[PDB]
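Let's start with one chain on its own, the form deposited in one PDB entry, as structure tokens.
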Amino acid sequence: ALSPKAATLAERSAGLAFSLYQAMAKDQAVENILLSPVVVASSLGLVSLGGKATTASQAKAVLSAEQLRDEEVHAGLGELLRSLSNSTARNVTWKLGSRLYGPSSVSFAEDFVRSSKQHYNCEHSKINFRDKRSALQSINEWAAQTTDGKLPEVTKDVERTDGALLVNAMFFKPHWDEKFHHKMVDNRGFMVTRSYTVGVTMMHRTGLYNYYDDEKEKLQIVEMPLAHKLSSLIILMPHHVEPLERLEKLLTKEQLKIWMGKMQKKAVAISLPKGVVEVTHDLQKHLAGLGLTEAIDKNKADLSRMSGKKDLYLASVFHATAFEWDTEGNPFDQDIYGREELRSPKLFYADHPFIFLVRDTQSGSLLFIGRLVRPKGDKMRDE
């Protein structure tokens, strides 16, 4: 179990992940979204640790932790990061690395290196943004080794080359509490829009799942428990093939609690696209929108506890994830559910954009929030 300081921080991390998700969903250029609330919260904790004056105090205000001591924030977020390598198969289904890249003309303070490694497992590296090809190669190779090739590239270009670059590289593969059969896969079309379909591999299974069909708001919700029921993946998909904007307006902490209170364990035939979804977000521009305004500006940032370099600021916060949808999970007794209990199931066919969350069962805290709009696959056109 988590301490009361970790529990209060976990609650704010979820509210923070909803705000970032909403801010990113408004951006027309954004297709898939993958955010890990606790990794986002740890990025703010690193700004608090390396900052001073309103630069550090704004980071604590975004985490609603102004009434907590600095040591309570760093130990509380550190506890939540280590509790993630416990609910999942640590270093098999969940890999995380955090690295701060400063220019070659910058030396990180020993005190900051010590404490950022202690609380956030943060790594530090000097980078030369002059040779742009070798700077991108260093970031990408570090992310590729962190995820063992699952995320081979974080970014193709670094826009702001005069500040600190925080990079978070992740690989997450939900391990189902009841596995899909490895041969229960086939080729299907996924409708990105009503006029654009891509070819995907879909995986299929029937089982007893918590489910709700909202006839008023026109969507289905299903809860898929992960290994040992320590967490679960919730999918919210509209009835029609449509942009997720309408359903994203309903996506609040209050409405999610109402929807989850209406879910009943029913027989459901679930079909999901199978594959790795690779998403990179530069969160720097959306962090200013939430209250972290000083850290992200060259002429306002005070990251002097991080380094004494003139005008050092947070240039980028890369949040890069390889999320793998696969059949693997725990085995189960087929004789227990058997016949009658599964003959006429509800059909949850994820062939069009949907929103998803990974929620800790014991604490109710969010591990992940995102949406699948464009799977990795072939655009269908007449030959």
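We call the rigid core the largest set of C-alpha positions that still match within 1.5 Å between the two forms. Don't overthink the numbering: it's just position in the shown sequence, from 1.
In what follows, reference is made to the form deposited with a partner chain bound, a form of this protein that is not presented.
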{"property": "Interface stretch in the deposited complex with its partner chain - options 347-355, 33-41, 65-73, 313-321, non-hydrogen atom within 4.5 Å", "result": "347-355"}
{"property": "Its partner chain: the contacting residue among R114, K265, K229, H181 in the deposited complex [heavy atom, 4.5 Å]", "result": "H181"}
{"property": "Single option in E153, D186, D302, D297 placed near its partner chain in the deposited complex, where near means a heavy atom within 4.5 Å", "result": "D186"}
{"property": "Contact test in the deposited complex: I258 vs its partner chain, heavy atoms, 4.5 Å", "result": "no"}
{"property": "Contact label in the deposited complex: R194 to its partner chain, heavy atom within 4.5 Å", "result": "yes"}
{"property": "Touches its partner chain in the deposited complex: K309 (any heavy atom, 4.5 Å)", "result": "no"}
{"property": "Interface membership of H204, its partner chain in the deposited complex, 4.5 Å heavy atom rule", "result": "yes"}
{"property": "Cα displacement of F332 between this form and the one not shown reaching 2 Å, rigid core superposed", "result": "no"}
{"property": "Change in CA distance between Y337 and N187 in the deposited complex, which is 3 Å or more, as closer or farther", "result": "closer"}
